[PDB]
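Structure first, commentary second.
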Amino acid sequence: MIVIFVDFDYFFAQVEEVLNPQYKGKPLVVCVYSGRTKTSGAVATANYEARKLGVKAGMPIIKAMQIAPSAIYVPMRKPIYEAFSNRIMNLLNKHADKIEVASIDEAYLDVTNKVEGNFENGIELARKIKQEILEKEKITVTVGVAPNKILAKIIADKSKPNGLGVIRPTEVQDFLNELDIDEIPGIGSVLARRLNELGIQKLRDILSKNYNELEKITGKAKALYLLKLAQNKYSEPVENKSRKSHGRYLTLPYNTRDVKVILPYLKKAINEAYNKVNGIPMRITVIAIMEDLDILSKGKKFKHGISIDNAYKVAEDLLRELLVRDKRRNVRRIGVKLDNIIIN
DNA sequence: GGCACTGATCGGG
DNA sequence: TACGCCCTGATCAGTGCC
Ligand SMILES: Nc1ccn([C@H]2C[C@H](O)[C@@H](COP(=O)(O)OP(=O)(O)OP(=O)(O)O)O2)c(=O)n1
Ligand SMILES: [Ca+2]
Ligand SMILES: [Ca+2]
């Protein structure tokens, strides 16, 4: 098999640069402003100049402003980044037997048939692809080219930014050995630690250990997954999957336990979640982010689809029950998730 | 026991 | 210290059933 993985570079920030070339060359930070104050929010992405100063995705905006006070801070414009991505996924399309759009800024392409099976052919194709995206969209990207999906992702990651990473079959068995454990996709930094010290810290190490003492450190799924990787017998197909859920989250104007206060926002979230569903969800979940950023959810799945008007009543019921569960913490952000969709 | 179903928590981009 | 929004599947717990 042959896979071309594609990950757009500092994507949201790079798009703001294509849209405003003055931003290029200088610290730039794309921020999610909660609305609560003029700086409440989280960083979504920073360009590499901003990363040089310590700016990190996920970090609170005021934190970012203490270490990079002269960076440009811009509000997120997700619809524009979504467009950019749609357009690029379309370009990748014509180069792929199959394309699995993994997220807003990355995809896997099975090019086995396209390159007439030849590995080097595919490498050249990876090159032509990086050029097309730069020429057409002025976006730079990192690619990986390996016999499977997981490997293409690993060498791409080691090759950011603007990289063209490559693992040939020849060097697959080697790379898998020299492969550290944390460099593996699908293994949390918690799974890391509790595996890290406790015997395993490299990828060939699961090999020497036995499934028992591992099926309880990470579960059967991850255990078998690592096992297969370690012996180079992993090969999942490139398969595009449809979205299964559609959510909306809002920050409350102020922290509260008062359902009468929260309800209008919850309704607004329901309305906007619904407008994203290409169907009728059979399950609605309510998600409350408490004062301390702890996350509570209550959901309900029916035997039939849920109309929007119905969702309001169910959602208010679920939220009201959540607050019974907690009893003392105010809510900070509220969210709703719609899934188990009856597709049109 | 173990199937079939529902429900809550947690991690990645 | 500081704090958004959105999507995933695994896992485990629970319940009713035969
Ligand atoms: N906590 C996060 C992490 C990521 N994203 C969004 C913005 C990112 O730009 C985009 C892609 O995530 P990446 O991990 O690929 O990060 P970048 O593209 O921004 O940088 P790079 O891939 O060059 O390392 O997803 C986000 O909103 N919030
Ligand atoms: Ca990515
Ligand atoms: Ca990226």
Side-chain angles (χ1 to χ4, degrees), chain A residues 5 7-13 29-46 55-67 73 75-79 81-82 85 100-107 142 153 156-157 160 184-193 215-225 236 239 241-252 255 265 269 272-273 276-277 282-303 318 321-322 325-326 332-341:
Chain A
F5 172 74
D7 198 347
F8 313 156
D9 293 323
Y10 62 113
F11 181 49
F12 297 6
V29 185
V30 174
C31 309
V32 189
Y33 294 102
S34 95
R36 179 150 298 196
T37 176
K38 293 190 71 298
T39 69
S40 51
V43 167
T45 182
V55 186
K56 251 175 191 173
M59 111 183 307
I61 295 176
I62 191 66
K63 202 137 105 71
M65 302 185 300
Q66 318 310 70
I67 51 181
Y73 294 85
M76 190 172 65
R77 299 191 288 167
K78 202 153 177 212
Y81 317 144
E82 245 146 27
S85 167
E100 180 179 339
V101 175
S103 81
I104 191 175
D105 107 313
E106 56 190 343
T142 301
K153 161 121 185 157
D157 281 17
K160 303 186 178 193
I184 302 159
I187 37 153
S189 51
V190 172
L191 306 163
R193 188 197 338 167
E215 199 171 18
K216 294 201 202 69
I217 321 300
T218 179
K220 184 174 177 166
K222 305 233 192 313
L224 175 60
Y225 155 64
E236 291 324 298
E239 257 304 297
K241 313 139 194 181
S242 65
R243 232 228 250 329
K244 316 304 183 217
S245 68
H246 300 97
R248 189 71 176 80
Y249 298 73
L250 311 174
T251 297
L252 303 178
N255 289 347
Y265 295 85
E272 299 190 9
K276 305 197 308 192
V277 182
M282 294 177 70
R283 172 164 69 166
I284 185 163
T285 301
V286 170
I287 309 198
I289 294 86
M290 313 306 292
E291 250 150 358
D292 56 14
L293 303 182
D294 198 352
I295 314 195
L296 306 174
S297 60
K298 194 178 183 62
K300 170 118 167 270
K301 149 139 171 188
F302 301 82
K303 300 286 175 182
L318 296 164
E321 299 174 32
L322 263 188
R325 196 146 80 213
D326 195 282
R332 191 191 167 86
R333 319 207 295 256
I334 194 144
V336 80
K337 191 178 73 133
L338 305 175
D339 55 9
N340 288 117
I341 294 134

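We use all heavy atoms of the structure for the numbers below, so side chains are in, but hydrogens, waters and symmetry mates are not. Throughout, protein chains are lettered first and strands after them, A, B, ... in sequence-line order, and every chain is numbered starting at 1.
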* To do: For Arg36(A), report the nucleic acid contact type (base, sugar-phosphate, nothing); a contact means any heavy atom under 4.0 Å.
  => nothing

* **Side-chain donor-acceptor contact under 3.5 Å, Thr251(A) with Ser34(A)** => no

* Which nucleotide in the set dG4(C), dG7(B), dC5(C) lies at the smallest distance from any side-chain heavy atom of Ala42(A)? -> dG4(C)

* Structure fact -> Picking from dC7(C), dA8(B), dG13(B), the nucleotide nearest the side-chain atoms of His246(A) would be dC7(C)

* Asked: Is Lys298(A) near enough to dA8(B) that one of its side-chain N or O atoms lies under 4.0 angstrom from OP1 or OP2?
  -> yes

* Can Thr142(A) and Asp9(A) be counted as having a side-chain donor-acceptor contact under 3.5 angstrom? -> yes

* To do: Check every atom of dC6(C), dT11(C), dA2(C) against the side chain of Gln66(A) and return the nucleotide holding the closest atom.
  => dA2(C)

* Asked: OP1 or OP2 of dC7(C) less than 4.0 angstrom from a side-chain nitrogen or oxygen of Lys276(A), does that happen here?
  -> yes

* Ignoring hydrogens and angles, state whether a donor on the side chain of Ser103(A) or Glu106(A) is under 3.5 Å from an acceptor on the partner side chain. => yes

* Asked: Does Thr285(A) put a side-chain nitrogen or oxygen below 4.0 Å from OP1 or OP2 of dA8(B)?
  -> no

* Asked: Counting any heavy atom closer than 4.0 Å, what does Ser34(A) reach on the DNA or RNA strands: base, sugar-phosphate only, or nothing?
  -> sugar-phosphate

* Hey, is OH on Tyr265(A) packed in by over 12 heavy atoms from elsewhere, all under 6.0 Å? -> no

* Could you check whether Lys38(A) gets within reach of a base, just the sugar-phosphate, or nothing at all, counting any heavy atom under 4.0 Å? => nothing

* Asked: Roughly, in whole Å, what's the span from CD in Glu236(A) to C1' in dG9(C)?
  -> 14 Å

* Asked: In whole angstrom, what separates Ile287(A)'s CD1 from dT9(B)'s P?
  -> 10 Å

* How far does the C1' atom of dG4(C) sit from the matching atom of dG11(B), given to the nearest Å? -> 16 Å

* Structure fact -> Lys222(A) NZ to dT11(C) P, in whole Å, measures 7 Å

* NA contact type, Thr39(A), heavy-atom cut-off 4.0 Å: base, sugar-phosphate, or nothing? -> nothing

* **Opposite nucleotide pairing with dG7(B), Watson-Crick or G-U, both atom distances under 3.5 Å** => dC12(C)

* So does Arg283(A) get a side-chain nitrogen or oxygen closer than 4.0 Å to the phosphate oxygens (OP1/OP2) of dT6(B)? -> no

* Using only heavy-atom distances, determine whether the side chains of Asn255(A) and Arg36(A) contain a donor-acceptor pair under 3.5 Å. => yes

* Compare the minimum distances between each of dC6(C), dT9(B), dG4(C) and the side chain of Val32(A), then state the nucleotide with the smallest one. => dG4(C)

* To do: Could you check how far NZ of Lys220(A) sits from P of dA10(C), rounded to whole Å?
  => 13 Å

* Picking from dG9(C), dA8(B), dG4(C), which would you name as closest to the side chain of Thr251(A)? -> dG4(C)

* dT9(B) OP1/OP2 closer than 4.0 Å to side-chain N/O of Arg325(A) -> yes

* Just read off the sign of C1'-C2'-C3'-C4' for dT8(C) and name the pucker, north if positive, south if negative. => north

* **Closest to the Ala44(A) side chain, choosing from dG4(C), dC5(C), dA8(B)** => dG4(C)

* Asked: In whole Å, what is the span from the CD1 atom of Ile104(A) to the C1' atom of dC5(C)?
  -> 11 Å

* More than 12 foreign heavy atoms under 6.0 Å from NZ of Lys56(A): is that the case here? -> no

* When we call it a touch if two heavy atoms are under 4.0 Å apart, what does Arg332(A) touch: a base, just sugar-phosphate, or nothing? -> sugar-phosphate

* **Whole-Å distance separating the CD atom of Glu272(A) from the P atom of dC7(C)** => 12 Å

* Which part of the nucleic acid does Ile61(A) contact within heavy-atom distance under 4.0 Å: base, sugar-phosphate only, or nothing? -> nothing

* Should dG13(B) form a Watson-Crick or G-U wobble pair with both distances under 3.5 Å, which nucleotide is its partner? -> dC5(C)

* **Protein-nucleotide distance (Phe12(A), atom CZ; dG4(C), atom P), rounded to Å** => 17 Å

* Mark yes or no for whether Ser85(A), through its side chain, and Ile104(A), through its backbone, hold a donor-acceptor pair below 3.5 Å. => yes

* Counting side-chain heavy atoms from C-beta on, which of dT11(C), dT8(C), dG4(C) comes nearest to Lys337(A)? -> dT8(C)

* **Minimum-distance nucleotide to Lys301(A) side chain [options: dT6(B), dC5(C), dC3(C)]** => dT6(B)

* To do: Round to a whole Å and report the spacing from CD of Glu100(A) to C1' of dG9(C).
  => 13 Å

* Asked: When you measure from the side chain of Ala221(A), which nucleotide among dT11(C), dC7(C), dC3(C) comes out closest?
  -> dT11(C)

* To do: Just compare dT8(C), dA2(C), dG9(C) and give me whichever is closest to any side-chain atom of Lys241(A).
  => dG9(C)

